[PDB]
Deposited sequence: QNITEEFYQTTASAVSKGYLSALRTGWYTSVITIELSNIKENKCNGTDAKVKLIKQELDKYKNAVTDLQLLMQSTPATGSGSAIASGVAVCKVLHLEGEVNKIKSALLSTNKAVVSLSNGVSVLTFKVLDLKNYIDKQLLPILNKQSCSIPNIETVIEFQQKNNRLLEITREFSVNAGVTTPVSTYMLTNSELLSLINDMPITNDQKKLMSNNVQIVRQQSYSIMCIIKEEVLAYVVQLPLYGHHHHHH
C-alpha cells in the first residue's frame, strides 16, 4: 500500500516518477574530464613509512587508470543512453580529445564545438596531473626517493580518492551509472552545468532546487582515456 515508492522524494520536495519521465523530451550531454599524469613505476631507495604510503597511493592511481583503460575498450538507437553513447563515439575521433584539452587549459569550463556538429559543454573537474607533476614528480623521479612530509600523503589521498571512487562506480556498473553520484559530478559542478544549459531560467530553478532528483534522472557514461585525459559523458534530462 506504500505508494511513496512511485515518487521521487527529497527532504523538501517530492515528484511522481512516471510524471517526470513522461515530461522528458530530450537529453543534454556534457563531457566531464579529469587531467591525468602519465607516469611509469619509478623504483628508488624507499625505506621510511612516508615513501611507502605515497607509492601505495601511487599504485592505486596506476591501477585505477589501467582499470578504466580496460573499461573504455570494453562496454544503440533505442538505448536510454544512446545520446551519451553517440557523443562518446565523437570523442574517439582522433583530434577531439586535444580540442577539449586545449579549451580547458585556462578554465575548468568551456563550450567546445566537436567535429560532428554538436556543441558540447566540457568540464575539467579534477586536475591530477598538475598535482602529481608538481608535488610528486620532483620527489620520486630521482635516483633516491625524496621524503614527502606526512601531510603531503594526506593531501594526495584526498585528491586521488575521487578518481578511485569514480573507477569503482564505473567498474561495478560496467561503465554506465545512475544515479549520478557526487564523485562523478559534485553539487557545485552539477549546478554550474544546469546554469549553462540551453533551457529557461525557470527550468534552471526547477533543476537547481531538485538536484538530487536530477541525479536519479541522469546517467554517467565512461567514454575514453586518451592523452592524459579521462573523459566521461553525463547525460541529463531535457523537459521542453
Seminar exercise, completed: In deposited-sequence numbering, the unmodelled segments run 76 to 78, 244 to 249
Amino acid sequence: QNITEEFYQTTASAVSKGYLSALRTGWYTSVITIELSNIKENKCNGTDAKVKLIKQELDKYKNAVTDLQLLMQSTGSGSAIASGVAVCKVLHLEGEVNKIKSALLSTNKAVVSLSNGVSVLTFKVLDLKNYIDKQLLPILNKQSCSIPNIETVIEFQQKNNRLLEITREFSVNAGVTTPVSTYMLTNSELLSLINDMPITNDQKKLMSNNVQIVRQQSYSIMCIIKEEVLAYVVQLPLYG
From here on, numbers count along this sequence of modelled residues.
Exercise. As stated in the PDB record, which stretch has the larger average Cα B-factor, 31 to 39 or 57 to 65?
Worked result: 31 to 39
For this session: Identify the stretch, either 126 to 134 or 110 to 118, whose C-alpha atoms have the larger mean B-factor according to the entry.
Result: 110 to 118
Problem set entry | Deposited CA B-factor, highest of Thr167, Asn160, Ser83, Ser144 | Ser144
Exercise. Per the PDB entry, which option out of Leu104, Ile150, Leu71, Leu91 has the greatest Cα B factor?
Worked result: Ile150
Exercise. So where's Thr25 on the chain's Cα temperature factor ranking, which third?
Worked result: middle
Exercise. When the modelled residues of the chain are sorted by Cα temperature factor, does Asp202 land in the lowest, middle or highest third?
Worked result: highest
Exercise. Which third of the chain holds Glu189 when residues are ordered by C-alpha B factor: lowest, middle or highest?
Worked result: lowest
For this session: Quick one: classify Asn195 as lowest, middle or highest third of the chain based on its Cα B-factor.
Result: middle
For this session: Divide the modelled residues of the chain into thirds by Cα B-factor and specify which third, lowest, middle or highest, holds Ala12.
Result: highest
